[PDB]
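Heads up: the structure comes next, in structure tokens.
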Amino acid sequence: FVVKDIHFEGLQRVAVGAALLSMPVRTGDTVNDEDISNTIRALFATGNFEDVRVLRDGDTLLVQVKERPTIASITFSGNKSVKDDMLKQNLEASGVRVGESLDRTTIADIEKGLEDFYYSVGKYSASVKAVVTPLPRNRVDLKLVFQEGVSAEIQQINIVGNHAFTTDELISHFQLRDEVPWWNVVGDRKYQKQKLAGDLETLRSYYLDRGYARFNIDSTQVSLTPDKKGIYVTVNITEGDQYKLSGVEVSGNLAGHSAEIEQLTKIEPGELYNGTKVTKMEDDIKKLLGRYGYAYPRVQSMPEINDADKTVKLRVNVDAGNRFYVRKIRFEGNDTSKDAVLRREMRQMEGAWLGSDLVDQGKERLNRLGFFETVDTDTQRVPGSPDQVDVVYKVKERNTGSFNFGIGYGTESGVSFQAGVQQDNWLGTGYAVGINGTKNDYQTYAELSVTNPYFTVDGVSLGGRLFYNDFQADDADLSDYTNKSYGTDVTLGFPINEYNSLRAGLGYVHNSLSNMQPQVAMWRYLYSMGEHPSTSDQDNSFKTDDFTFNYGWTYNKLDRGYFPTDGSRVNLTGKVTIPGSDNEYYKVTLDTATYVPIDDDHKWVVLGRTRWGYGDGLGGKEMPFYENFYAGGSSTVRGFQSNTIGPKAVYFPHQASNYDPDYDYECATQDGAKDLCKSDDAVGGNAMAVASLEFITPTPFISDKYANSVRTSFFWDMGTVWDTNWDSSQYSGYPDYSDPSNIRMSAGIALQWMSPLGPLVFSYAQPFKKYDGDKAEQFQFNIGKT
Amino acid sequence: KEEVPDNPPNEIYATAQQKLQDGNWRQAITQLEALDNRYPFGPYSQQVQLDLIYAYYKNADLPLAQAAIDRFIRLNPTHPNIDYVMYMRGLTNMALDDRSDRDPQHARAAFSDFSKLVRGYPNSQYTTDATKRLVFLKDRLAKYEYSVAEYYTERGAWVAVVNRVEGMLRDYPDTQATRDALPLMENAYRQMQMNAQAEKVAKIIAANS
Amino acid sequence: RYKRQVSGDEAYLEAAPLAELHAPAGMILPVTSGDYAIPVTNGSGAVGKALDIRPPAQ
Amino acid sequence: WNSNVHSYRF
Amino acid sequence: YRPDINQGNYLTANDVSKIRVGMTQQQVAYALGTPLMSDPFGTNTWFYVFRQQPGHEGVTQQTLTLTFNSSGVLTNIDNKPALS
Amino acid sequence: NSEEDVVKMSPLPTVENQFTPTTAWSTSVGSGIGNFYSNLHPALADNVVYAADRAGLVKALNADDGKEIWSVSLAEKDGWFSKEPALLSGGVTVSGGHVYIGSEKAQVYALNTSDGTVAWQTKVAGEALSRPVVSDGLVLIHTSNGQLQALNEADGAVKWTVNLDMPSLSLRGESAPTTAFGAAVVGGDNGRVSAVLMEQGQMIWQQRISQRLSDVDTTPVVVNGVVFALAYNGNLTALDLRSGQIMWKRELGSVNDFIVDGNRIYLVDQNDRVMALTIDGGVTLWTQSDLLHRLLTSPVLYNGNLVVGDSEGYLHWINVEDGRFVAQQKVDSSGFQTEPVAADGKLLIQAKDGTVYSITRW
């Protein structure tokens, strides 16, 4: 059929030219039913037409069409556990979005797509319904009603084919979980393929690190319940007999470094095969070949196994590649942070040969700051150069600083409140400013802190701090005296070994003392400082302004921060007053902790802690009684009331502030007092020595599935505190508090784990050696921050 | 929630024009999205796209302005008033840049855009401002490179310093940061005991300042 | 957000003009690569609030 | 440990 | 206290002996590699610098200056094994 | 924080008991299966009832009063402190002075009816989740890995194995084969009914009776040279016993077993719609949807009346001629999950807490 003209009926958005173009048929050509059908199918395939009809009028080829209504909006109702924006992102990734049209036959398809998304997020009983609201001008809105349903949780994780290790002991090291008590923070009970693969790798490693070279995971099975609210996992394995490590043999283009390697491949012939050690050998060889310039030194380890004698022999293939040089290092995504903040963390220098280990070190260092959510690397090449590359770090900035508030309870500090506002990246500079405050039963503390972590390129820091501190003693199991102090401090920090860290700084502190109970150990200092207050009254005030030089050293080698199993921590702090200050004294403290394991799985440990301290005056003066040392409590010596170990107060005969019988008073004249007066309330001492030997064991009655999160210990604690300036000749009848032989011992049990309320630590101790005046407190616990 | 009645397009557009002139953008925005959605093929939908670019720009909704600009350039690449769109693209990138040590990629994009505009259409009204912005962006990028060189001088690297200052003398020779960076190259050449090049750098310096 | 409310409204800054770099006798400077180059666009338009960025009626 | 009631990265 | 500072090209002391007077640029590029620095002030003259500075132990810098001619042909070699 | 369900559970009907049910007796077993999905259910042979739990405990009781004849545990203890359960999951099966049980640790025990001493014990491929069918001096077991194995009755030696294909995601449960004319018919989580000769394991035929969508057959039945198989989210089908030619189908699925009597097929859908189809063309005769989403159990035909449990513990006697509830009873609060047992005039059932009940009517 010859066509002399073309006409359309229904073209609203698509122009007439677009239609005339897409059509195989054009004006002035012969047409048949086949070409008409082709045109109709093309119009349908354009994705903008719902119904098409190409008929023949008297002379004209008339095209009727009902354009698919243009989508004007996409609403949602019932996306509790799914964000509207993410759902819309998934939708517009599927194809449907605003501006486009609505295919009136793909409704169930989109419903099933969203259902599949829900199936992927965990929910399997979800129902999606797409309602369609027509509107004039051939527009339509698409509403999506979601019935989420109830999530599916794991009810069991089983492992079959294991005979040497119980299944619980293996699940204990998984990221998935089947049991989640209400008194522990061990994880959720959800299912994800990534976690499953990670757990399979953890299992494979747990076996390969024990000699089971032939270990093989036959298959995995995931199953549901007919109600689709429970998930079951099954893992079949085949653990083969243990294998020994007979020897090692290297071969490849070692680059003449065959000498420096054979010392890295030294073993005791007849060792138990292990995968971690093999990977460590490979990484060491790679680090060496990087030290010699090579950037991509491939290393492969192939084991030749012999079952007749059960001997493994490793075959290491080394392929040291070519040297690559770095021309640039770029950072994109740092809209707030400056380039220096990201560059000073790079261990790979621009303008030098390349090392991938250094690039990874830089990436990790950038991850630690906390200013970036994601950190990706890309080593692009250079157009027209086979030995040059440009490194790129893509970063996504995060909300830098936080508003932190937290509570806790405990026997020592009663109820403890904390509140602070912190900022870690002040205008993208690295400065960390903050305002913090704490409040407990016996002190308020408020500090304003600032610090530049790079006052020098190497990593030296420079701090700064203003602080206000109110301290009541009667609330701390001591003699009565109130100290309100304010001051400022500045300190530098020098890192030297990646474990050791020195620090040195200056400080000014103003102290005001008031509401002081007459007792000898106070006068011994007041007199020294020229004062001559009275004994028969406690309206006594004393102000001092002191300048101090503070020094310190720290050593940290613990394998872990939480529940360590091997290493040692050490801290030395010191202070000395420099001339000009009213007070003349020096003070020193030394804390030490040492964890020593006695097994291979690190479940039996021997912990040893010590705490030494000594201070004294210089110009015939004494040390301030508000800088003294205190022992007793859940940190030094357990089983004793906090801050009761050591010297006691020797009161004077003195009227009281306001007398009211039925209240216990400490030797007031209004009760028949005419001479000095022993007491049982502590005052502290200028010298202190504390030790603790603890034995950590596994929790015996709790399931092995999550018994690795609870720490059980049996401890033996010792301590003593004493005053060196107590003149035992003048005050004869009362004991000699300058005798360090008065050692206080205790022994008992302790538990420690993590709870939603916060960290928990319980302890029951029974002091068997204690002296007159020491108050016992067997049960002690510290739910929360402190 | 900024509900819009179904009045005919004339009054909605007149109200939009009657709210822009006052200085309120969040309001006319809504009206323009309505008139766009409700009439994606009306007689003046393009005008609406231009007004929407303008509104998103002055309302700080820059990513949407970028999307609108890309869409408009794709759908109407030969629109007589397309120079306006390129100028708005340059302005949007400049605003995103918003601080010379930070990421300069937005500055490079703005430079490329303004270069396209000025080379293509030099007899426009949006060109002189384009050059006044290109000079500023050039200086900004040079200052970024200078900051990097200063860091690597503090560190102790003496090859990165000279490479980057050579790159500046190559790309950004006619700025002031470059004039302020030659001493760094001199110091680097001297620290590596290559004095025959420090002398050349000094010859360059003394011939300008 | 607040930072992108200043450049959007009006802010315009003028910078240090560009001055060519001289070459002494007995040497020559490197090549320029012309990637970041500023042609001369003659004409005297408006700059800094004197330019009408209001979209026209087309 | 320190924030057992809200570390709020504002 | 500080990390290792490395700069320049790794010269293995066996490649610097593979270069004779008369080799073009492609040959030296194959042998030693592409340098990070050169003389942009007109002449063609490459500088292979080998600088390493570990943590508080000293600096070692080996310099190899190769002076070519107008048509890519080596004309002079100069090796400074240590820095004064 | 709130929790909601897409499908709303149905209420408890209100019925007049045309006959008042009773509870002849009830015995307790230790901890039962718990909140786990299991096939573990009681048994009966020669006026004695053998039941078990999930930790490893097995008991024998009189089918008239509830007196315990013997009891034995199977959980190995490493002294007086440690104790690892056996994780029993295979329906108790008794045939010929032996008692066969399966476990989740791929261990199959065969005890004696007299004293409870292990006649033998054997390791299998995977978790034995199926009823240990007994036929032709063989014991058919169907493991979660998809492997159908055939042990011996007196020794325990694995005679042959068959590898059925298994998909990634499936349901927690495996079909118990049925033996007929010297061949075993079984189904798998792939959606296929498979036949195998018992002697060696040669696959006679396989047919797909299906329709992330899953399917599982779960114990077909055979009558007069015709096999009847039912899938999950699939089609009920009738197949020729010798070729696998689908003779008729019908679009409805279920995992819980069904019964065939006379010319009527009584089944329970996955949505808990008790139905009674015909046997020639799948014609429906009546429906009873008053139990939608009550988590019923496999029915049993007791005295011409269907009996079904529920998670809440209410047992329902329902007529078969029309489909009306003839009685309803409350038994236990923990809930019913496993299938009842009707034989020798006794109707025994076991709850999740292990309490075995015997039901009657006066």
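Residue numbers (the entry's author numbering), protein chains in the order written: chain A, 24 to 809; chain D, 24 to 121, 132 to 242; chain C, 30 to 87; chain G, 1 to 10; chain E, 28 to 111; chain B, 24 to 234, 243 to 393.
By construction, the Cβ of each residue, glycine as well, lies at the ideal position given by its N, Cα and C atoms.
How would you list, in chain order, the residues of chain A whose beta-carbon sits under 8 Å from the beta-carbon of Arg135 (chain D)?
-> For this step, residue 135 (chain D) is matched to residue 102 along the second sequence. Going along chain A in sequence order, the residues near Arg135 (chain D) (Cβ under 8 Å) are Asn357, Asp358, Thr359, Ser360, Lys361, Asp362, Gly451.
Going along the stretch 61 to 77 of chain E in order, which residues come within less than 9 Å of chain D, judged by CB to CB distance?
-> Listed by position, the residues of the stretch 61 to 77 of chain E near chain D (Cβ gap below 9 Å) are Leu63, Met64, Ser65, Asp66, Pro67, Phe68, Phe74, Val76.
Along chain A, in chain order, which residues have C-beta atoms closer than 9 Å to that of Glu26 (chain D)?
-> Looking up residue 26 (chain D) in the second sequence gives position 3. Under a criterion of Cβ atoms nearer than 9 Å, no residue of chain A is adjacent to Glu26 (chain D); the nearest Cβ is some 13 Å distant.
For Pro157 (chain A), which three-state DSSP category applies?
-> Here residue 157 (chain A) corresponds to residue number 134 of the first sequence, with the count starting at 1. The answer is strand: DSSP assigns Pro157 (chain A) an E or B state.
Checking contacts by CB at 9 Å: is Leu110 (chain E) closer than that to chain D?
-> In the fifth sequence, counting from the first residue as 1, residue 110 (chain E) sits at position 83. Look at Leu110 (chain E): its C-beta is under 9 Å from a C-beta on chain D.
From residue 17 (chain A) to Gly807 (chain A), what distance separates their C-alpha atoms?
-> Chain A is shown only over 24 to 809; residue 17 (chain A) falls outside these bounds and no answer can be derived.
Starting from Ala260 (chain B) and walking both ways along the beta strand (DSSP E), at which residues does that stretch end?
-> Numbered from 1 along the sixth sequence, position 229 holds the residue referred to as residue 260 (chain B). Where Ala260 (chain B) is concerned, the enclosing beta strand (DSSP E) starts and stops at 257 to 260.
Can you list the residues of chain D that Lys32 (chain C) reaches, using a CB-CB cut of under 8 Å?
-> To locate residue 32 (chain C), count along the third sequence from 1; it is residue 3. Taking a Cβ-Cβ threshold of 8 Å, the residues of chain D close to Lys32 (chain C) are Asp121, in chain order.
Using 9 Å as the limit for Cβ to Cβ distance, is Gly431 (chain A) near chain G?
-> If you number the first sequence from 1, residue 431 (chain A) lands on position 408. A Cβ of chain G is located within less than 9 Å of the beta carbon of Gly431 (chain A).
Give the range of the alpha helix (DSSP H) segment to which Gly313 (chain A) is assigned.
-> For the purposes of this step, residue 313 (chain A) is identified with residue 290 of the first sequence, where counting begins at 1. Unbroken alpha helix (DSSP H) run through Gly313 (chain A): 298 to 314.
Who pairs with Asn302 (chain B) in a beta bridge, going by DSSP?
-> Here residue 302 (chain B) refers to the residue found at position 271 of the sixth sequence. None; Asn302 (chain B) has no bridge partner.
Apply the 10 Å Cβ neighbour rule to residue 238 (chain B) and answer buried if 16 or more other Cβ atoms are within range, or exposed otherwise.
-> There are no atomic positions for residue 238 (chain B) here, as chain B continues from 234 directly to 243.
Within its chain, find whatever has a CB closer than 8 Å to the CB of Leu247 (chain A); leave out the 5 residues flanking it on each side and keep chain order.
-> The count along the first sequence starts at 1 and reaches residue 247 (chain A) at position 224. Sequence-distant Cβ neighbours of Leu247 (chain A) in its own chain, meaning closer than 8 Å and more than five residues away, are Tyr147, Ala175, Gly253, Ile254, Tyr255.
Among B:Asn336, B:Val291, B:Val299, B:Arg295, which one has its Cα closest to the Cα of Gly284 (chain B)?
-> On the sixth sequence, residue 284 (chain B) is found 253 positions in, with the first residue counted as 1. For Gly284 (chain B), the nearest C-alpha among the options comes from B:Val299.
Give a yes or no on whether the minimum CB-CB distance between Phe478 (chain A) and chain E is below 9 Å.
-> Counted from its first residue, the first sequence places residue 478 (chain A) at position 455. Not one chain E Cβ lies under 9 Å of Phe478 (chain A).
Quick one: using the 10 Å Cβ neighbour count with 16 as the cut-off for buried, is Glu176 (chain B) buried or exposed?
-> Within the sixth sequence, the letter at position 153 stands for residue 176 (chain B). Using a 10 angstroms sphere on the CB of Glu176 (chain B), the tally of other CB atoms reaches 16 or more, which defines it as buried.
Let me know the secondary structure DSSP gives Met201 (chain D) once reduced to three states.
-> Residue mapping note: residue 201 (chain D) aligns to position 168 of the second sequence, counting from 1. Looking at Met201 (chain D) - three-state DSSP - the assignment turns out to be helix.
Looking at the unbroken alpha helix (DSSP H) that takes in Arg227 (chain A), where does it start and where does it end?
-> Within the first sequence, residue 227 (chain A) is the residue found at index 204, counting from 1. First-last of the alpha helix (DSSP H) with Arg227 (chain A): 216 to 231.
Using 8 Å as the Cβ pair cut-off and three pairs as the minimum, do the stretch 658 to 668 of chain A and the stretch 767 to 784 of chain A touch?
-> Under the three-pair Cβ rule at 8 Å, the stretch 658 to 668 of chain A counts as touching the stretch 767 to 784 of chain A.
Which one or two residues does DSSP pair with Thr567 (chain A) in a beta bridge?
-> Walking along the first sequence from the start, residue 567 (chain A) turns up at place 544. Bridge partners of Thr567 (chain A): A:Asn534.
Out of A:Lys300, A:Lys309, A:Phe570, point me to the one whose CA is closest to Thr600 (chain A)'s CA.
-> As a working note, residue 600 (chain A) is residue 577 in the first sequence. For the set A:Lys300, A:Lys309, A:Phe570, the Cα lying nearest the Cα of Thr600 (chain A) is the one of A:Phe570.
Contact under 9 Å by Cβ, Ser559 (chain A) with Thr467 (chain A) = Translated into the one-based positions of the first sequence, residue 559 (chain A) becomes position 536. Translated into the one-based positions of the first sequence, residue 467 (chain A) becomes position 444. No, the pair does not count as a contact, with Cβ atoms beyond the cut-off.
Measure the CB-CB distance between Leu110 (chain A) and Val163 (chain A) and report whether it falls below 9 Å.
-> Counting from one through the first sequence, the residue named residue 110 (chain A) turns up at place 87. Counting from one through the first sequence, the residue named residue 163 (chain A) turns up at place 140. No, they are not a contact pair.
Within the 9 Å Cβ cut-off, does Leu50 (chain C) reach chain E?
-> Position 21 of the third sequence, counted from the start, is the residue given in the question as residue 50 (chain C). Against chain E, the CB of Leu50 (chain C) has no partner CB under 9 Å away; the residue lies outside that interface.
Is the Cβ-Cβ distance between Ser191 (chain B) and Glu150 (chain B) less than 9 Å?
-> Translated into the one-based positions of the sixth sequence, residue 191 (chain B) becomes position 168. Translated into the one-based positions of the sixth sequence, residue 150 (chain B) becomes position 127. Inclusion of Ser191 (chain B) and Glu150 (chain B) in the CB contact set at 9 Å is not warranted, their separation being larger than that value.
Starting from the C-beta of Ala58 (chain E), find all residues in its chain whose C-beta is less than 7 Å away, skip the five residues before and the five after it, and write them out in chain order.
-> Mapped onto the fifth sequence, residue 58 (chain E) falls at position 31. So the qualifying residues of the chain are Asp42, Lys45, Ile46.
Whole angstroms is fine: what's the gap from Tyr578 (chain A)'s alpha carbon to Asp614 (chain A)'s?
-> Numbered from 1 along the first sequence, position 555 holds the residue referred to as residue 578 (chain A). Numbered from 1 along the first sequence, position 591 holds the residue referred to as residue 614 (chain A). Going from the Cα of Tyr578 (chain A) to the Cα of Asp614 (chain A) covers about 11 Å.
Proximity test, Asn70 (chain B) beta-carbon vs the ligand COA heavy atom, cut-off 8 Å | Only the bare structure without any ligand can be found here, which leaves the ligand COA out of the picture.
Using a Cβ cut-off of 7 Å, pull out every chain D residue sitting near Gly85 (chain E), in sequence order please.
-> Here the question's residue 85 (chain E) lines up with position 58 in the fifth sequence. By Cβ distance, chain D contributes nothing, its closest Cβ being about 13 Å from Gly85 (chain E), past 7 Å.
Is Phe517 (chain A) closer than 9 Å to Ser508 (chain A) when the C-beta atoms are compared?
-> For the purposes of this step, residue 508 (chain A) is identified with residue 485 of the first sequence, where counting begins at 1. For the purposes of this step, residue 517 (chain A) is identified with residue 494 of the first sequence, where counting begins at 1. No, these two residues do not count as a Cβ contact at 9 Å.
How many angstroms separate the CA atom of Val100 (chain E) from the CA atom of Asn448 (chain A)?
-> Here the question's residue 100 (chain E) lines up with position 73 in the fifth sequence. Here the question's residue 448 (chain A) lines up with position 425 in the first sequence. So the alpha carbons of these two residues sit roughly 54 Å apart.
Starting from the beta carbon of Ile237 (chain D), find every residue of chain C whose beta carbon is closer than 9 Å, and list them in chain order.
-> As a working note, residue 237 (chain D) is residue 204 in the second sequence. Neighbourhood of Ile237 (chain D) in chain C, by CB distance below 9 Å: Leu50, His51, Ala52, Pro53, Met56, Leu58, in chain order.
List the residues that DSSP assigns as beta-bridge partners of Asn47 (chain D).
-> The residue given as residue 47 (chain D) occupies position 24 in the second sequence. DSSP lists no partner for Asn47 (chain D).
Could you check what DSSP says for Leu277 (chain A) in three-state terms: helix, strand or coil?
-> In the first sequence, counting from the first residue as 1, residue 277 (chain A) sits at position 254. In this structure, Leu277 (chain A) counts as coil in the three-state DSSP scheme.
Using only alpha-carbon positions, find the residue among A:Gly528, A:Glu689, A:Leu365, A:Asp605 that is nearest to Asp503 (chain A).
-> Locating residue 503 (chain A) in the first sequence gives position 480, counting from the first residue. The shortest Cα separation from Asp503 (chain A) among A:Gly528, A:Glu689, A:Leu365, A:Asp605 belongs to A:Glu689.
Using 9 Å as the limit for Cβ to Cβ distance, is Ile76 (chain D) near chain C?
-> For the purposes of this step, residue 76 (chain D) is identified with residue 53 of the second sequence, where counting begins at 1. Among the CB atoms of chain C, one or more fall inside 9 Å of the CB of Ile76 (chain D).
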